[PDB]
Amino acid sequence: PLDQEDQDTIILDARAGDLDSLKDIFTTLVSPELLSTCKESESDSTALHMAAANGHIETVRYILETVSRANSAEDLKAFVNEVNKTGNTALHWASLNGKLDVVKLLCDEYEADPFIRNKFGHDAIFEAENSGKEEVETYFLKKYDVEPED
C-alpha cells in the first residue's frame, strides 16, 4: 500500500504543523485508517511524535481524532503509546520539549502512559524533570500517583 517516501511526506507535514495539507491528504488521497501506520525511515517515530515535539496542539488533536475515529480502541491505545527505535513515546518528546498543552491532551483525553520506559530506562516523568520543564513535571505529580522505586 503506502510507500516510505509518502509516509515521510505525511510526517514532515505533521512536523511543520501544516494541518491544512494533512486534512487534505486524509480526506482524498490516503485512507485515514492508514495514518496510524506512517513511520519515519530511520527512527520509526510516528506523526504524533513530530507534532507533539513541536507543540502543534491543533495538528496533534486532529491526528488523535482521526486515528480514534478510523481505528479500533485497541489500535488507538497502541498508537498513542507507540515507541520509536529508541523506545520513546510522543509523550517523551513532548515532555523533553516542555509542551504542556500537548501533554494534557495526551494524558487527560487520550490516556497516554507516562510510565513507559525507553532503551535508557527513562519515562516521561524523568524526561520532563531532566530538561527543567517544571510545568510539565508538576502536572505529572498531581495527575498520577508518582513515588520512588527499587
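Residue positions are given as counts along the sequence shown, with the first one as 1.
The PDB entry reports B-factors from which the mean C-alpha value can be compared for 91 to 99 and 28 to 36; the larger average falls on 28 to 36. For the two regions 120 to 128 and 39 to 47, the entry's Cα B-factors average higher over 39 to 47.
Across the residues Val83, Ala70, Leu105, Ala52, the deposited record lists the maximum Cα B factor for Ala70. Sort the chain's modelled residues by C-alpha temperature factor and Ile57 lands in the middle third, per the entry. Compared with the other modelled residues of the chain, the Cα B-factor recorded for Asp18 ranks in the highest third.
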